[PDB]
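Chains as they are written, first to last, in the deposited numbering: chain UG, 36 to 483, 562 to 592; chain UR, 46 to 72; chain UF, 2 to 196, 272 to 347, 350 to 409; chain CM, 2 to 446; chain UJ, 3 to 258; chain CC, 3 to 175; chain CJ, 2 to 61. Heads up, the beta-carbon is just placed ideally off N, CA and C, and yes, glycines get one too. Notes to accompany the following structure.
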Amino acid sequence: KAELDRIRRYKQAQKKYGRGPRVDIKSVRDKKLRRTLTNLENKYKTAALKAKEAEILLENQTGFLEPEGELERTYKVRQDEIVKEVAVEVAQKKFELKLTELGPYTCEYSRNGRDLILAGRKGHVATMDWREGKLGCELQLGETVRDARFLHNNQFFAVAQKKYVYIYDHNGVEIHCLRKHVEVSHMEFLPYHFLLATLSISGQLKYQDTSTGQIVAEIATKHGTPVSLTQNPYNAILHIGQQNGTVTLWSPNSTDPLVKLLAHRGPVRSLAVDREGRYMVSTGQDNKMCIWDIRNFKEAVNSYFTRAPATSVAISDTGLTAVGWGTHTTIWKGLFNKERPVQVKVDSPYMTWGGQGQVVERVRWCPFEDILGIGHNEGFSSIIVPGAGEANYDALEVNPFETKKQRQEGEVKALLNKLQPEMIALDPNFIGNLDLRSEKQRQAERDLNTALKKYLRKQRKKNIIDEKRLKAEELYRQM
Amino acid sequence: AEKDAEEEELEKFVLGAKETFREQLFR
Amino acid sequence: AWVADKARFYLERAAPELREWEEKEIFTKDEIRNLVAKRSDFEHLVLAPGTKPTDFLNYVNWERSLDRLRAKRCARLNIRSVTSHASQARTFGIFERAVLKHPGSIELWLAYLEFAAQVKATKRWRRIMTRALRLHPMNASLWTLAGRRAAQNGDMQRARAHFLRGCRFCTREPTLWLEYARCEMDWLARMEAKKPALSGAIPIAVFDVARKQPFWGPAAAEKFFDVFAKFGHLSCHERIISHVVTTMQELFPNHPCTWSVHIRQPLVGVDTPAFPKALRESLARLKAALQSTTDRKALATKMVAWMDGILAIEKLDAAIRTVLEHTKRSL
Amino acid sequence: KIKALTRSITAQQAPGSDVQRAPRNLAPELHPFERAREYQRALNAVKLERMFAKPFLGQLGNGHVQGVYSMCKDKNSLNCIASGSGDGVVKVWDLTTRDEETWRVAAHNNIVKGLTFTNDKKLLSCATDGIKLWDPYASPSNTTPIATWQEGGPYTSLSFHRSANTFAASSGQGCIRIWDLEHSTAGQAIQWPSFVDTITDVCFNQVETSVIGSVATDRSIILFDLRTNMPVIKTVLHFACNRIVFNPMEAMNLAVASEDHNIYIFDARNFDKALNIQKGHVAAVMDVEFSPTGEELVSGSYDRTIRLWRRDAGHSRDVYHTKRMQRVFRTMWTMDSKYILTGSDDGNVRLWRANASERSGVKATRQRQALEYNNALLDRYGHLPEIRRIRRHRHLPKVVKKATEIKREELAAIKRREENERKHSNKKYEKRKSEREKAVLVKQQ
Amino acid sequence: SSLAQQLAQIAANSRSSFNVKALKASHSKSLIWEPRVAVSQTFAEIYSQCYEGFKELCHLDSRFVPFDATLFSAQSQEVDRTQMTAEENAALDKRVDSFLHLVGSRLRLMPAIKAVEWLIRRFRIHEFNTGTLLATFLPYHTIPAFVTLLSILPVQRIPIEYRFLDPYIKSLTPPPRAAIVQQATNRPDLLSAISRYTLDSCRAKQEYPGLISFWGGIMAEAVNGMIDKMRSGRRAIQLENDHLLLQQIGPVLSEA
Amino acid sequence: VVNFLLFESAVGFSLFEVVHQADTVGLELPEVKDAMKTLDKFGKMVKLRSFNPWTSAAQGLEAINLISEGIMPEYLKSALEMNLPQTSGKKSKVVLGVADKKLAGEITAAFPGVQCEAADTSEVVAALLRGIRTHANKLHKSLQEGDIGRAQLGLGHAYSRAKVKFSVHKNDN
Amino acid sequence: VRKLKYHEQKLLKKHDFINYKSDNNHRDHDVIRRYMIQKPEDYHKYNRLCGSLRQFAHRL
RNA sequence: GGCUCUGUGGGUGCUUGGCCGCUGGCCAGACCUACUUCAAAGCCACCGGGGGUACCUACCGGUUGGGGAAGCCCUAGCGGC
RNA sequence: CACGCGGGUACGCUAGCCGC
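So, in structure tokens, the structure goes:
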């Protein structure tokens with residue numbers, strides 16, 4: 036019939052924007068509760084339906100490339116062919132920085148992709164606006180540099196020196212150094228909480244609140260130096276990856292790991308985790324990489340193999356992933372589809388960047404454009420890959436063209452809605468659920562032959578006599 | 046053709062003429 | 002400027018019509034992306050701070066042409082399920098915030114009245130006409146549009162309501178008074194052709285009240301006669317014309333306009351043996367007028383203008399034509 | 002078939018316009034921590050309303066000399082108030098110019114017990130002297146009354162009809178008596194047939210005309226039908242009731258402010274049980290008044306408190322207090338249903354606001370949307386522990402806090418005594434009588 | 003500062019604006035309107051005024067009617083040049099060079115200046131076709147319209163051969179024929195660019211006597227100064243200088 | 003509770019229709035005073051309903067010399083007949099807000115269904131007409147032909163000269 | 002960050018991006034800048050030496 | 001003819017190739033996603049001085065309710081210490 | 001209840017019978 040499209044529309048919107056199963060109105064016994072819950076179910080149904088109908092006003096289109104003939108394959112496509120076939124405002128972004136004498140470089144974009152920071156190993160830390168081509172800062176620092184990271188804006192950044200971390204302003208003037216964070220080898224900035232989480236080489240993980248300036252919870256990961264660290268963008272829990280070959284999930288409200296996904300036989304070399312929090316791809320020292328469903332904590336498919344222990348892996352805003360191993364990175368497209376209940380293995384990579392003798396230190400996706408920045412020992416190299424990048428951003432959350440007034444107002448609103456670090460769990464939507472023990476105690480204070566042998570075995574050891582045990586002795590004598 | 050000239054004029058006014066702009070470019 | 006958050010509502014309102022057009026085969030997806038971008042640019046131009054009635058009219062014309070294009074395409078693809086009601090509702094919304102922002106622009110008020118009359122909205126047209134008349138009460142064009150459309154509908158009491166309030170306001174220029182006498186005598190002609273009214277005393281009353289107005293000149297009374305002289309096929313037309321002539325003769329005795337109405341009086345309903355008889359009577363009046371003591375240059379310019387109006391018609395005799403030329407040339 | 006996503010800055014600003022275009026994608030992958038960010042915004046909303054909760058607005062004029070023992074608004078106008086004090090002087094105030102009174106007169110000898118406005122422009126006042134009528138709005142000011150009434154015992158309160166020129170005065174002889182202005186002199190005295198105790202308050206029902214409620218010091222409420230001039234029903238409660246009032250949107254609901262520290266919302270058709278029991282006070286409740294929207298209540302108590310209530314709440318939405326406010330005798334709304342007025346025993350008429358953190362005037366759209374968003378967010382997440390403790394914290398004076406701690410101890414002791422007597426007496430095999438059913442002692446006709 | 007040098011080359015080679023102040027400045031650069039008015043102008047106002055100018059130009063000369071369909075189109079109100087591919091940009095460059103060769107004869111007139119203002123304010127010809135635009139305004143280097151074009155030109159977008167114009171951009175005065183002739187005798191690239199522009203026009207038969215007299219005068223004075231430079235007195239150096247002069251001249255004179 | 007309000011200025015007289023009327027108890031409050039200051043929060047209160055300009059400076063001179071003396075003019079009666087809903091005050095009235103008390107009495111005597119509130123007596127309509135006099139240049143600018151400054155200048159000169167009889171005994175220049 | 006409003010400041014009472022409480026009133030930065038120390042490591046080395054010297058005086 | 005400034009190439013250490021998934025290939029690349037038996041041994045791991053300790057965390061010792069690896073025995077079991 | 005396109009009774013018009 037003609038209403039079949041209507042029922043399909045409602046099923047699709049209840050899948051996507053529904054955020055829950057539905058309230059069962061037939062089991063409600065109260066009359067006023069029944070009509071108010073029917074009113075609420077009508078309002079939530081039209082809410083999801085109007086969001087799905089207003090998903091037509093999205094402006095941009097997702098990029099792609101598809102092979103035409105039967106012999107042509109997508110991984111044999113050259114960057115010169117992409118640059119010839121693509122528009123000029125996005126063919127401008129395929130550059131290459133040639134910085135040779137100051138260590139392998141480490142790239143990190145800001146979370147709108149306006150400014151990128153690249154840090155050499157021997158000290159050369161620079162901060163540039165890579166589309167407009169101007170550099171905001173460049174400074175040399177002397178000693179080694181473990182990791183450089185932007186903070187909430189492109190105003191402040193944070194560099195991990197030989198002992199401490201240092202946070203710097205937009206001009207590069209050093210605001211301060213953090214002395215509690217010694218020998219920091221990895222850093223990750225939670226964006227919605229204002230926490231900066233640092234793994235030392237000793238295995239200690241410190242969460243420092245950036246806004247107010249006090250370290251929230253120093254967790255000591257009891258086993259080994261950590262090899263890698265990433266951050267779930269959906270839970271804000273930290274997937275750190277150890278050297279015995281397990282990845283452990285950490286949160287500032289517990290000193291034990293939340294889960295520990297057992298992984299590759301050697302140490303895991305790199306991790307990456309989806310921005311919807313669905314799946315995690317990890318690459319180990321044993322040459323395999325493998326993906327996990329995170330919402331169920333099981334392995335999705337068999338282990339893919341990489342032909343070298345992959346130094347970095349970073350997955351995009353859409354389904355693409357760049358796994359950078361040895362001296363050339365490969366991009367895979369369909370590793371984890373959200374819609375499929377049982378995942379299938381991908382035969383061929385989506386596209387491969389060339390191996391011409393520059394060992395890849397770190398690959399990163401520019402968060403809203405369809406490019407990929409590889410930081411290697413010869414410097415920085417930005418390549419363009421069409422399928423990646425979220426085509427339609429939201430101007431309220433994060434904006435690639437944010438003016439000065441919009442940046443000021445957004446920083447103040449993010450300060451006002453910074454989340455307390457005790458609001459971190461495996462499921463981030465728990466706020467308002469039942470304390471079941473407290474509800475059972477409230478209802479209690481409102482309404483007011563195989564185990565009874567191990568009972569006596571446990572209570573003969575106290576040796577309190579405790580009249581319930583006298584009743585249990587009489588029961589055992591009767592038995 | 047199965048389109049009126051008034052319908053093609055309304056299509057060029059309302060909807061845009063990007064395809065025939067590219068056609069007028071590549072000559 | 003909260004213009005992004007302000008135009009979000011109008012785009013989210015126009016979205017489900019685009020969903021229906023995409024789920025039918027009428028507009029393809031690239032064309033619907035073009036419609037989305039064009040309506041978005043138009044809304045962010047319309048709800049801007051510094052805006053213009055030409056900008057509102059460009060948006061109105063685009064939405065109305067989109068409705069016409071979809072009507073042509075729907076008739077070509079043979080669908081009857083898609084209706085034009087949402088497009089007419091959003092066009093009325095554009096026009097309502099247009100007349101909210103710029104109420105002092107009669108071009109936009111008249112475009113609103115033309116749109117509401119064209120898509121068959123008579124009651125809405127009357128409400129828009131009332132608001133436009135309240136904002137521009139000195140506008141004779143708006144008053145005549147209201148009165149003539151109420152007479153065209155046939156509600157002569159409402160047409161008289163609009164016209165009498167209009168003649169209460171617009172008393173600087175004669176224009177609305179002439180149009181009211183024209184509408185009242187057209188009602189008299191409708192009352193005759195349907196076969272008080274038998275007397276037809278209302279244009280005489282209009283003349284008698286118009287005698288004391290701030291526009292009351294001999295040229296204005298000549299404009300009254302030039303209005304009255306059309307559609308002479310009536311009953312009391314000779315009564316009205318004779319009262320106009322005796323009023324002008326008793327008030328402005330030796331004006332060239334009064335001599336012109338003395339010339340052109342006896343040719344009321346003539347087109350035919352009664353035509354040259356009354357022409358010879360009028361030419362006797364004209365020769366007496368030319369020899370008489372009046373401003374001969376002014377009377378001659380009036381007569382050569384009326385003689386161009388005479389020469390505009392065919393089907394006459396050449397001797398009469400050449401004697402009109404001979405009497406014309408020496409003026 | 003290569004195509005990558007190209008973003009011009011035309012998607013942020015079209016050239017030639019100052020409008021910053023804000024494209025929005027509502028997909029949930031882009032907006033993480035939905036429930037957590039909304040909890041943080043609700044917590045900010047509670048802390049913001051506790052910061053901007055500033056309810057005291059002003060004080061009408063210099064006040065009175067002795068305390069304000071009666072006051073009455075004009076239910077037709079919007080800025081006409083009057084207040085009669087304890088030294089028997091009445092004042093008519095205009096709420097637009099609160100600097101000085103509009104019209105004052107040394108009305109009576111004793112305190113002014115009741116006071117009201119007529120529907121034309123004139124006002125009436127009771128005393129133990131007898132009731133009087135003045136014209137406070139006249140082109141010469143006249144201190145002398147234009148009518149007076151002494152026969153009918155000692156009068157206690159007044160209530161004027163909604164439409165006509167009828168009014169009922171509650172006397173101390175156990176009767177009310179009803180006058181119609183301009184053609185009645187002594188009025189008609191309606192009484193319960195053998196009734197002796199004084200009728201304290203009287204209130205015309207404004208929705209249903211010709212239904213009159215009254216309380217009396219027999220701890221009883223009585224009704225009256227004016228169409229057939231007789232009493233209707235009489236129920237005896239447990240404690241004395243200070244004041245009856247009706248709901249201006251629901252014709253059948255009434256509220257009695259009673260010496261049980263309590264407000265009882267009753268149904269006039271079924272006096273079996275109370276529809277609601279508002280319990281929050283410390284000393285006796287002196288005055289109760291429904292909002293003109295019919296969904297809220299003010300109660301001025303005999304300790305130093307005003308308590309603002311919702312209609313279905315059963316506990317305080319707000320409490321207002323002040324060291325200068327000595328006792329509270331008469332509280333009533335303005336007809337805006339936004340500001341409340343308080344006639345105290347310090348001789349002061351004070352103007353507070355209900356919705357203490359909500360400022361008046363015209364708001365911009367992004368201002369009133371932020372306020373409505375905060376209110377909806379508190380309606381959802383108002384029961385969580387942090388949000389709950391910050392939204393319930395209010396600073397009470399030390400006497401009221403100490404006495405409500407004593408009242409909690411005494412009520413818990415009485416509940417424990419009753420529960421022990423139930424568990425060890427023969428009442429154990431009965432259904433527990435609900436508290437709204439226990440609110441009424443007897444009902445009789 | 004090798005990184006600052008690489009980023010300076012990237013920022014100079016970049017073409018599309020990426021922040022709001024850059025978009026407002028690049029939209030503010032105009033020929034006719036002052037910048038305070040030219041910031042706040044949509045592409046319907048510019049198209050109305052400059053299409054009145056193109057209607058006057060198309061009524062003057064007959065051969066502007068293909069540009070009526072491709073460059074001055076109501077759809078060409080909306081086309082962004084930085085969002086099309088390289089072959090679309092190259093075909094647009096060919097259409098612009100053909101229009102500039104066509105409009106060079108009438109460039110003292112306000113209709114033609116309005117048409118060039120449409121090309122500048124929509125397709126950004128002062129940034130993407132600086133060579134052909136500067137060459138077609140070079141025979142009019144004594145006029146205020148050339149002073150305004152010199153004012154709105156970007157500095158690093160000028161070709162290397164026309165970099166004598168930098169003091170005349172720093173101080174807004176029209177450059178003299180002595181400066182153009184002296185840079186023509188010093189650089190072979192400027193003389194080759196002027197001769198290539200006028201021969202590419204004259205092969206398409208869009209010549210005009212102002213351009214012909216301009217090229218003839220500047221190549222005459224440039225060959226004069228070039229001979230006076232090439233003269234050396236040493237036999238082998240004057241032989242090599244005569245050979246270099248003929249290798250720099252020969253194609254131009256062998257065609258003209 | 004106001005429904006409409008008259009407002010007479012030198013270019014003519016316009017009557018506004020109030021929607022979302024002003025709070026009368028919090029008139030002396032700082033937030034409501036800031037709302038009466040800002041045009042973005044007072045144009046939500048007033049919406050321009052009708053405008054009647056003068057035909058000539060002679061009509062403007064007759065308008066002042068009637069209005070200041072108190073008596074209403076025939077064209078003000080005309081525009082009120084046109085804009086106000088025709089009632090008699092037996093079951094429904096219309097509240098108009100005017101600046102002067104004598105003009106209030108005369109409009110109420112000419113139209114029995116219109117109850118007039120004077121700005122000299124009522125503080126609500128006083129503050130509301132005060133806000134309209136504040137923002138009177140921007141509320142009319144869509145139909146304000148020219149300015150108001152030269153109109154007020156020439157009209158004050160014409161009114162003062164008609165009151166003084168200046169030109170008949172000033173001759174020395 | 003812009004200058005915080007009244008209510009925004011009252012909600013962010015304990016907030017400043019520049020000086021924390023672990024920065025020790027930027028005493029390190031003020032002393033390094035005053036005495037032209039080209040190494041913050043040299044400041045903190047001198048400071049830990051002075052701290053060991055002060056605890057020796059404390060045990061004496 | 002001279003000063004200054006700038007650019008490129010070589011040199012400023014002793015001469016064995018460019019790249020790769022390197023015993024072989026490629027420099028025009030080719031094939032693309034396999035194969036699998038048993039997670040891991042422990043320790044250390046740099047914050048300036050004196051002081052406070054309500055709350056959080058670390059360590060140590062306990063308390064209720066559940067849980068049972070392993071050790072021991074035999075009336076053999078859904079076992080028992 | 002009616003709302004698109006055609007031929008009809010009829011137009012400086014669209015009110016009425018049947019279809020596409």
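Return the chain-ordered list of same chain residues with a C-beta closer than 8 Å to the C-beta of residue i, the five sequence neighbours on each side being excluded.
i, result
"residue 22 (chain UF)", "28, 33, 71 and 83"
"residue 136 (chain UF)", "104, 105 and 110"
May I ask you to report which of helix, strand or coil DSSP gives residue i?
i, result
"residue 51 (chain CJ)", "helix"
"residue 144 (chain UF)", "helix"
"residue 391 (chain UG)", "coil"
"residue 570 (chain UG)", "helix"
In whole angstroms, what separates the C-alpha of residue i from that of residue j?
i, j, result
"residue 124 (chain CC)", "residue 29 (chain CC)", "12 Å"
"residue 390 (chain UG)", "residue 113 (chain UG)", "13 Å"
"residue 190 (chain CM)", "residue 179 (chain CM)", "6 Å"
"residue 118 (chain UF)", "residue 65 (chain UF)", "14 Å"
From the DSSP secondary-structure annotation, give me the bridge partner or partners of residue i.
i, result
"residue 265 (chain CM)", "CM:257 and CM:278"
"residue 120 (chain CC)", "CC:100"
"residue 44 (chain UF)", "DSSP lists no partner for residue 44 (chain UF)."
"residue 321 (chain CM)", "CM:307"
"residue 158 (chain CM)", "CM:171"
"residue 444 (chain CM)", "CM:236"
Do the region 83-96 of chain UJ and the region 153-161 of chain UJ make contact, defined as three or more Cβ pairs closer than 8 Å?
no
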